[PDB]
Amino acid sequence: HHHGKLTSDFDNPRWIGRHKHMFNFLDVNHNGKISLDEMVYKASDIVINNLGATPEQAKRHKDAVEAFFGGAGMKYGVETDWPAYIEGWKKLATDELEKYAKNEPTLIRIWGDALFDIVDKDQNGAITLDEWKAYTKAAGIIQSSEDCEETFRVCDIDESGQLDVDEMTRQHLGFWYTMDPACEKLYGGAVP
């Protein structure tokens, strides 16, 4: 049986369109370019000013987001246009798949652990549906509650039932990196 997919699919037009949609979502000022300063500011602004992160939590979360978008070639003080963005995302996905195969903590998992410690009011690495609605709407990556509910349908939720970083890292492997058909609708209709 197929547990996952460790092969890239960068020529898939739906993979390009998935991250082009994300690029336009991150380019809120329609400059055609985004910077690491803007991404980390957005990330820290959410957890600090919307989710009540402690200074210790925000520091760990900041280093995780910084390493994530930095893995796509984004740097402080440097503006990244779309050609340099999607090319850097090929390098990010390639490096993450190497960490997946090596059973090495990936950048997307480290971000999830740091973020879920903030989003989970119990700080046990497991978020409820309401907490997932609270983060994704604050970040804006999901706008409707209907699409947030699709996430908990796609994910193997536990008996609570909450979503943990293990399951979300499994779904993000196929959604952001390898275009796993079983990971479709992970963000509902919010992300193509």
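The term rigid core refers to the maximal set of C-alpha atoms that superpose within 1.5 Å between the two forms. The first residue of the shown sequence is 1; numbering continues from there.
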Seminar exercise, completed: Core-superposed comparison in 7 other deposited structures of this protein: bigger Cα RMS shift among 24 to 32 and 152 to 160 is in 152 to 160
Problem set entry | Residue stretch of maximal mean CA temperature factor, 42 to 50 vs 157 to 165 | 157 to 165
Exercise. When the C-alpha temperature factors are averaged for each of 64 to 72 and 123 to 131, which stretch ends up with the higher value in the entry?
Worked result: 123 to 131
Problem set entry | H19 CA temperature factor, ranked by third within the chain | middle
Seminar exercise, completed: The third of the chain into which the C-alpha temperature factor of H30 falls is the highest
Problem set entry | Relative C-alpha B-factor of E104, binned into the chain's lowest, middle or highest third | highest
Problem set entry | Relative C-alpha B-factor of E149, binned into the chain's lowest, middle or highest third | highest
Exercise. Lowest, middle or highest third of the chain for the C-alpha temperature factor of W89?
Worked result: middle
